[PDB]
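First comes one chain, alone, set out as structure tokens in the form deposited in one PDB entry.
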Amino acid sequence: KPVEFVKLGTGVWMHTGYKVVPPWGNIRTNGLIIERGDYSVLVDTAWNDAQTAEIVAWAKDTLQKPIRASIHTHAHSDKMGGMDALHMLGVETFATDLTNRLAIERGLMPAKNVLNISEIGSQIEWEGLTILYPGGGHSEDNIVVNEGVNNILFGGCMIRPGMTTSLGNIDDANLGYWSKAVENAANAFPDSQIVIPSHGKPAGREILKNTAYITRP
């Protein structure tokens, strides 16, 4: 069950790695590779260093656009489990200040560069993407990332897969605000008809609606 790559749009790729989570078998986690002119940028590691090193190699060897920098969408091991590989492979890593503090607390390696988007609704442009902090949801520090050329919204773990009603790992969730965070992301990026959850298949905006329903108070 090695790392998979699939095209989502012009210059936009999904990476997927798998980890057995007992007693439930293999759980996928998804991130993105986004091409620029002669390099690429990364959204999230995979589960560990070996999977993450495969992603770096694939961008270099298949796209011929080496990964120069990355952004991490919250402090859990599906999104930051491969930080050491990124650092050793010359990738310049970015996360929010809160994400880095939580990463250190949780035994994960922090990113090298801090983004300051602590207020709900804060948005910044990063490497041609829009990063939004929509408020706490799956994790207090969760961020979303929008690719406005193809109109692809990376919801990460804040967006649940398909029509599930399961909530996933809620150890760090903000159960009170999660549905509002989803609405905030949906309202910020109305043109994005492709939505990417971490733990399921690419879908459309129906997975924003389903997630907001199943997590609503």
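Quick note: we count residues from 1 along the sequence shown, nothing fancier.
Absent from the display: the form deposited with a small molecule bound. The rest refers to it.
Heavy atoms within 4.5 Å of the small molecule in the bound PDB entry are found in one stretch of 142-150, 68-76, 121-129, 97-105, which is 68-76. Of the listed positions (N169, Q64, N187, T164), a single one reaches within 4.5 angstroms of the small molecule by any non-hydrogen atom in the bound PDB entry, namely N169. Checking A57, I27, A50, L175 for any heavy atom within 4.5 Å of the small molecule in the bound PDB entry turns up a single hit: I27.
Contact annotation for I34: none of its heavy atoms lies within 4.5 Å of the small molecule in the bound PDB entry. Taking non-hydrogen atoms only, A181 never approaches the small molecule to within 4.5 angstroms in the bound PDB entry. Contact check for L42: every heavy atom lies farther than 4.5 Å from the small molecule in the bound PDB entry. Within this chain, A46 is remote from the site of the small molecule in the bound PDB entry, having no heavy atom within 4.5 Å.
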